[PDB]
Structures are given as structure tokens and as C-alpha cells.
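Notes for the one structure printed next.
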Amino acid sequence: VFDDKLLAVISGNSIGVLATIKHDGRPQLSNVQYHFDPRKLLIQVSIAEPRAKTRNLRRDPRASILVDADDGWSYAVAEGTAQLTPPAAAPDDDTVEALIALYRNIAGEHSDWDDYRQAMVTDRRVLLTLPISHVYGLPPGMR
Amino acid sequence: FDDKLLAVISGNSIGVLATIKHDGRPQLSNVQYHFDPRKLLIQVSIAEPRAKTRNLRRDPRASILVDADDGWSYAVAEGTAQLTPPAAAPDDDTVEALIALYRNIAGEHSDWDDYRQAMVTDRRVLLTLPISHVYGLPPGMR
């Protein structure tokens, strides 16, 4: 089905353009590294509490991510309502554990997890989980 | 504006356009664009919006994200869009503006009569975005 074509675009990449909504209602755009879980139909991203994107999502959790197909022109967009963890606050906390799981999915096994844990707390990192509620776009064969 | 970010815009010709849908969510798409570095504006053509996208006709705030050629760098141009009426006849002012846009991006088209017809069939609008703010992550020496 059309949905499978769009989800194939998302599964075939690890970078996308995240659109959050500013205080005044206009879109704010940035790029993000992500992991796609096909079982739960989730996109997971690590974001830092001080950043504009995170501040925007705390106010209005609606998020979209556009992903390019392997031709660099066809694309898919996932829409959903973001679920954010609290910022990492102690090296052993549940947010840090979720960020360790994400790192393993995106980057593999870290050489010094204690360093990683410290860094997550220092950077006040947050795990953004976006359940995909809707997909649209122009996948390969349609451009 | 940061010249490093303007250079990103100058050196590419596609990006991610974001407009505002009725319910407040951004609508995203990959588009081709022209950048005028003197006037500091970006031009794209879109089919006349319908359904939730139509809100662009009452709230023309828009942004475009453009990738650099390095790992992660990017530039975003933000402004308030100016729209033509949609193309309705193959020789109307909108189509003439769209022909100039084509020339600006891609040079001389090999069959302008085919192009004119396609603009009318797609109800094509020329969106002009004078740049009000530029942000992002500038690339370094490479």
C-alpha cells in the first residue's frame, strides 16, 4: 500500500528535517539524526533541553519529520505528537538509560558508557519519541 | 545575514519548504528554488493550494531549509510569502513570471508551449519569499 512506500523511505535513512512550531505559530526547521522502530512505528531522536526545537515541543508537542529517499528528491513526511522524557538529571536515571538504548541503535556500542552518561546529564538531553500517526509525500515512482 | 548561510542557499537549488496548515501544523515538501542574492529573495513554484494547505492564502509565513555539502550544516530562510494568482491562461502574467523563473533555475526550456500548458493545468503559483531572517548551522572550511 502507499503507506508502505512512504515508510520504506523513512526506514532507508537516518537523517531528516524536523519541523516544530514556534511561540508565534510559524514553523522552525532543523535537521536531526533518528532511529526508526518499524514494530511500534516510532521515530526516536536525541534533543537538548536548551534548544529552540525542544522549547517549542514542550509548549506544543506536534512534530513533523521529512525524510529524503535514496534519489535525494522523492520524500516522505511523518506527522505525530511527540512524547518527551524529562531531561537527563543523574547519570543512572531512566532518561539516560533510554538514551543509551538509542545510541546503541544509531551508533553502536559506546567505548566509555560512564563518559556518555555524564555527557547526557551535562547536555540536559531528552529522548524524543514520535509515534507516526500520519504519513504523506511523494515517494519514488511518484516524482 | 550570515554570508556563510547565504552561500549554502546560493550553492543549492532544492530545499524543504514549510507552510502553515489550517490546524497550525507545518506542511513540508521538497521543492526547487531560485535565490536572488542581490534582492535577497527566494522563488519557488507550487500548485495552487487546496484542503489544509490552502491556509497559505491567509497566513503566508514560510520557511525553506537548504542542505550544505558537508555532514550536518544547513541554512533556513524565513519570510512572508507573496503569491501570484494561479496560472489560468497559457499567456497570462503568472505564466510569463513562471517562464522567467524556469530560465533563472534551469536555462532555456526546449518547448515553451508545453511548459505554458503544464503551468495552467497545475494551477501553478509563483511564490516569492523576501528573506527576513536566516538561521542554521554554517559549514566550515572543507
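Below, the figures for the structure above:
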{"item": "Exceeding the 28 Å Cα-Cα cut-off - candidates A:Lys5/B:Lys4; A:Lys5/B:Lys52; B:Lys4/B:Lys52; A:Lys53/B:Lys39", "result": "A:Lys5/B:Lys4; B:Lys4/B:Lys52; A:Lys53/B:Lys39"}
{"item": "Kirkwood Rh, Cα atoms: Rg over Rh of chain A", "result": "0.99"}
{"item": "Förster radius 35 Å - calculated FRET efficiency between A:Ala8 and B:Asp93 (Cβ-Cβ, nearest 0.05)", "result": "0.25"}
{"item": "FRET efficiency estimate (nearest 0.05) - Cβ-Cβ, A:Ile106 to A:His23, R0 25 angstrom", "result": "0.25"}
{"item": "Exercise: per-residue mean of other protein chain Cβ atoms within 10 Å, A:67-76", "result": "2"}
{"item": "Percentage relative contact order, chain B, counting C-alpha pairs under 8 Å, at least six apart", "result": "31"}
{"item": "Point-to-point label distance, A:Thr122-A:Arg55, nm (Cα→Cβ direction, 7 Å offset)", "result": "2.3"}
{"item": "Value of D in µm² per second that Stokes-Einstein yields for the protein assembly as shown, Kirkwood Rh from Cα pairs, at 25 °C (0.890 mPa s)", "result": "122"}
{"item": "q = 0.12, 0.15, 0.18 Å⁻¹: log10 I(q)/I(0) that the Debye formula gives for the stretch B:1-61, counting C-alpha atoms only", "result": "-0.35, -0.54, -0.72"}
{"item": "Per-residue mean of C-beta atoms belonging to partner chains within 10 Å, peptide A:117-124", "result": "0"}
{"item": "Rounded Å value of the spacing that divides the Cα centres of the stretch B:70-99 and the stretch B:26-58", "result": "5"}
{"item": "Helix axis angle, A:94-106 relative to chain A longest principal axis, alpha carbon, degrees", "result": "50"}
{"item": "Taking the stretch B:1-53 and dividing mean pair separation by its residue count, relative contact order in percent (alpha carbons under 8 Å, at least six apart)", "result": "30"}
{"item": "Cβ-based net charge around B:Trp72, under 15 Å, with every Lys or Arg adding one and every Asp or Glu removing one", "result": "0"}
{"item": "In order through the stretch B:77-92: 3J(HN,Hα) via Karplus (6.51 cos²θ - 1.76 cosθ + 1.60), integer Hz, x for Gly, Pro", "result": "9, 10, x, 10, 6, 10, 10, 6, x, x, 4, 10, 9, x, 10, 6"}
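Values in this text are rule-based calculations from the coordinates and carry no lab data. Note that each Cβ is placed from the backbone with ideal geometry, even for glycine, and that neighbours are counted across all protein chains shown.
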